[PDB]
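Remarks on the structure that follows.
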C-alpha cells in the first residue's frame, strides 16, 4: 500500500535457495543483527562520525549495558562486519555473537542468539552462503523505525505452523480491554510467537505503560524468535520477558500476580501425561476443578490455569476448539465448574476458515470475576468478513462493529444475543446451541406453483399427439 | 485385455490363478476372439498413426430399445395424472 | 546424447534417440540388442503411447 | 383429527445401531440381487443377500442418515439391505404407530434438521421430541382419521415415483426415437465432414492473476462447471468486456453451440448446448457455428444423436486427461440431406425434446413443483 | 504422524471412556466408540495427508455412503479415516470386551 | 516430493517439447502444455498425498467441472494437481514465449 508491496516482494526474494524453515533462523538472525547495529549506533550517536573506532573507554561501557544490555562494540556492527565481503572466515561472527550475548550485568534476557549454526556441507560453501545472507540483508533498504514490521511479515511466511493471524489478535486485544486503566497488563501462557501480546500494547503504548508482557513458552527455537519479536518493536529492557518451559508443569510467576488481562492461543493437541502422573491432583491451582484434564483434552487445562492468575478486576480472552458438547464426564464437571459461577462471561464463534488450513473456525471464551449476571452466547459466523482478510490491512473496522454490539448487552436478531442464566443448566452444558438464529426462512403460496404446471401439461398432451402422428416418416 | 483379468482382487488363488492360464492358452494359437481381443491386419497400424492400441477394443455394452413399448405406459400414467390434477384442484379448499 | 553415443554400438538402428523424460523406450531399444533370432522379449510399458 | 396432541419421539420408537455387517467382498456387481441403499441417492449396486447376519428389512421399519448429517429419510419398502449406514428407527408397539405414518409426518421440521454446521452427532435431537399424534383417540379411531391422509400421502409419494418412472421411460423411448429415426438416411444423403458446416473457433482462457479482468463484466463465461444443460442462455461466471484484450478469445455469434471435449467423455457421454448470448469458453471445449447450408438445431441434434459414436473410434489417444482429439473430432462425417429434410425432422426433434426436458414445458419441473406443493400440503394438514 | 498415532489416541481415549464410565453393554460401548472416534481424528491438512500416506489405512472403502456427495475433499478423506478407525475400533472393542472390565471387581 | 518437484519435471518436459518441436503458435504451444501436463503428474498414492501436503497447490479450485462426478478420490486429487499445473504452465508459457525461441536463429 505505502511501501508494503515492495518490502513484501524483496523480503520474499531473499528466501533462496533451499528449504525455508532452516533458512528462516538465519534470515531472522541476520536481520536482527542489522537492527541492533542500527539501534546501538543511533543510540550512541545521540552525532558526527558514522564510522567509529576502538575508543571504547570502558568505564562508560557499563552505562548502556545497564540502559540497553546489547553492548557490542564500535567496529563490529553490521555496517562494519558486512564491509568484509567474502572474508574468510565464518567464526568471526560466531565470536561476534559470543560476547554481545555475555553482558551479565544485570538481569540478562540474553542467552539468546544461539540459532545461527553451521550447515552447510563444506566450510567454503558455508562462508559463501552466509555472505549471501548478509548480502541479501544488506540489500534490504529502509531508505522511520518500523523497519522491523517486515519481520512481522516474514514470520507470516508459512501462515500467509502456529503463529496467530493479526486481526484476530487485534480482536483478542480489544476483548481483554476495556474499562481497565490498570497495572499490570498482561499475561500469556503458551505465547508461541510474541504477536498476540505485541498487538495489545503497541497500539496502547500511548494509552498506558505499566509492566511486562509476561509469557511462558515451550519450544526452544520459538522462544528465541519471540524474545526478539518483542525486542524489535522498541519495547524496553527490564520487564518484557518470556520464560522457557511448559506452562502447566512449571509455571512462573505464581506470586506476581493475579493479573488484569490475560490473552492466549493454546495450540491444538498439546497433550501431557496424567492424570496426574505427579501428585498434582492435589496441587495449588487445579483443586477447584474437582477432576483434572486427561492427556488428549489438555486445552481445558489452560482455562483452569487461566482463572488462577487473574484478579477480580481481570478478564480472560482465550480460544478453544468448538467441539465441546460436554466432552464426557472428564470435562462435563469442568464445564459445570465454569458455569458454577460467573466465571464464564461470553463466548464468540468465528468464521471458517480465516486461518491457514484448519479449515474450521474456533471459539473465543471470555471469562471474568465479575457479576451482572447472565450469559451472552455471542456467536457469529457472518459478518465476520468471511470472503478474505486481504482487504483492510490496517483495520477491518468490522470487529469494531462486533465489539460495539458486544459492549452493551444487546439482544440482536440475524446475529447472536444474550440468553437466560439457567438456559444452559436446562441444556447439557453445551457450547453453543442457543441461539443460532434460524436463517434461510422460506415457504410458498398455495396454488401459484401448480396451475402453470397444469398449463404445461395441457401443452404436453397435444405434444404427445404430435409425437404419435409424427412417428411415421 | 481388461477383463478377465480377475479384476476383483488377487488374494484368491495364491498358488495359481489358472486364469492367466486361459490368457496364455488363447494367446498360444493365433485366435480371433470376440468380447476379448484378437489379431489385426499387418498394415492396419500403418493405416493408423502407429497407435497402441486402437484396434480392436471390442465394443461392449450394446443396447437399444423397442419402438413404442416405452411410451404408452407413460401415456397411461399421464391419464392418471390428469385426474390427479383435477383432484388437486378440488382438494386445495380445506 | 550428453555423450557421443548418438553413434553408439546399439542405438544406431533407432535413427533418433530417446530424450530424458521418455526413457522407457530406451529399454526396448536395448531389448532387441541382447536377443537371438530364437529369443523373445517380454517387457512392460506405460500405456500412454499415441505416437509420443 | 379432533384431539390433536404433541407426543415425544422416543415414547414409541426403538432407535438402534445396526447388526453385524459384512458387506465387503471386493465385488458388488450388477449380477447380485439385494437392494443396497445408503445416503445421498439410495441405490448402491447389489450384493449377495444370504448369510451375512442380514436384518433383511421387514415390513415397516425406517432408517435415518447420517452421523454429522442427520437429514435423510427412506422407507424400507419391501425387503432391503442394512448396508452400514442405516441407523434403524422403528417401534415397539405396532398397534398405534404404523410407522409409515411417522415417515409421512417426520419430514415437516426443516427449522433445524437442514443445518449441517458442526461435526455433531444428534441422537437426542430426533430421539426426544416432537410428533403430532391424534391422541387420546388410541387405538379406536386414532389411525382411522389418519387413513384419509395416508391415502393422500401414499398417492402423492406414488405420484412422485411414477413421474420419475414415466420421465425415465419417456427419455428411453425418445433416445431410441433419436436413433431409429434420423439415421441410415437413404439415398444417398451427402456425407459432410464436420467443420465444413461452418468455421468454428478454438477457445481462449485468462487467469485470475488480474482482479480487473475478473470482477465485473457482461459477457458470460462457458466453463464445464456450468455445462451439461440444454439451451444455455446465461451462466454463473461472467467475463469482463475489457478482458478480451487478454483472453485469446473471439466473439462468436448469437446462435452458436458449445460442446465439451475434455473431462466428461472417455468415461461418460458428452453434452452439448445451444448458446444464445455471445459467450466465450475455455481451452478444453469447442464453440461451433454453422454456415449458410445448415440449420443450427439440425447439426446440434445430429451431434447429440451421434454422441456415443464420436467417442468410440478415437477413444484413447494416449492414456491421459487429453481425450478424443481436436482433429479426430474435427474429421467426422454426418448426413446432410436435401433442404426439405433439415427443418422438418429437426422441427420434430426440437419439438419433442423441448417437451421431454428442462426447463420450460418441462416434465421434471412439474415434478419438483408437485414436490413443493407436497411439502405445502403437509404443512397445511399437520397443524391444529 | 502415522495412522497408528491416531489409533493410539483413539485407543487411549476409549480406555478412558470405558474405565471412567464402566460400560458393560456392547451397544453403549459402540456409542462410546462413536464418541472417541471423531474425537481422535486430526484436523490439519498436512497431518491428514501424512496419515493418508501411511500404512494400515487404505484409500478404498468399506461403505461409499459415508462419502458426502459434495466437493469437500478433506471431508471425504476424514470420513475415510473415520471409517478405518471404526473398523479398528471394532477390533479394539473385541480387545476391551476382555481387557479392562474383568479386573474391576471389588 | 514437493509440488515443485512435479513442476520441475513439467518445466523440463515442456522445454523438451518446445526445443525439439519448434512450436511458435501459442495454441499449439498450449496443446504441448496439455501434452506435458498429464505426462508429468505422479501416480503413486503416497507421492500424490505428499504433493498435496506441500506448498503452492491448494485444495480449492479454479473450475469445479474438472472434478469427475464420481467416487474416485485420487482421480479428483490428480485432476486438482492437473489444474494447478495448467495454471502454472500458463505462467511457464509466459516464460517460454520469450525464453528459448529467441535464441534459435541461424
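The letters A, B, C, D, E and F name the chains in turn, as written, and every chain counts its residues from 1.
Methods note: a contact is a pair of C-beta atoms (placed from the backbone, for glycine too) under 8 Å apart; a residue touches a chain by one contact, two chains touch by 3 or more.
Asker: Look at the interfaces D-E and B-C and say which one is made up of more C-beta pairs in contact.
Answerer: D-E
Asker: Which whole number of Å gives the spacing of the CA centres of chain C and chain E?
Answerer: Between these chains, centre-to-centre, one finds 51 Å.
Asker: Could you grab the centroid distance between chain A and chain D? Build each centroid from C-alpha atoms only and quote it in angstrom.
Answerer: It comes to 46 Å between the two C-alpha centres.
Asker: So what's the Cα centroid distance for chain A and chain C, whole Å?
Answerer: A distance of 58 Å separates the two centres.
Asker: Could you grab the centroid distance between chain D and chain F? Build each centroid from C-alpha atoms only and quote it in angstrom.
Answerer: 33
Asker: Where in chain A do residues touch two or more other chains at once?
Answerer: Within chain A, residues 323, 446-447, 450, 457, 460, 464, 467, 471 contact more than one other chain.
Asker: Among the residues of chain F, which ones contact at least 2 other chains?
Answerer: In chain F, the residues touching two or more other chains are 38-39, 64.
Asker: Got the chain D residues that touch at least 2 other chains?
Answerer: Residue numbers touching two or more other chains: 119, 316, 320, 373, 380.
Asker: Go through the chains and record each pair that touches.
Answerer: A-B, A-D, A-E, B-C, B-D, C-D, C-F, D-E, D-F, E-F
Asker: Which bits of chain C are touching chain F when the two form their complex?
Answerer: Against chain F, the touching part of chain C is residues 19-21, 48.
Asker: Sort out for me which residues of chain B touch chain D in the complex.
Answerer: On the chain B side, the touching residues are 8-9, 11, 51, 53-54, 57, 59, 64-71, 73-74, 77-78, 80-81, 84, 88, 91, 94.
Asker: Once bound in the complex, which stretches of chain D touch chain A?
Answerer: For this pair, the touching residues of chain D are 111, 115, 117-120, 177, 181, 345, 348, 351-352, 355, 360-363, 365-366, 369-370, 372-373, 376, 379-380.
Asker: Report the residues of chain E in contact with chain D in the complex, numbered from low to high.
Answerer: Listed in rising order, the residues are 27, 30-31, 34, 38, 61-69.
Asker: Which positions of chain C touch chain D when the two form their complex?
Answerer: 46-50
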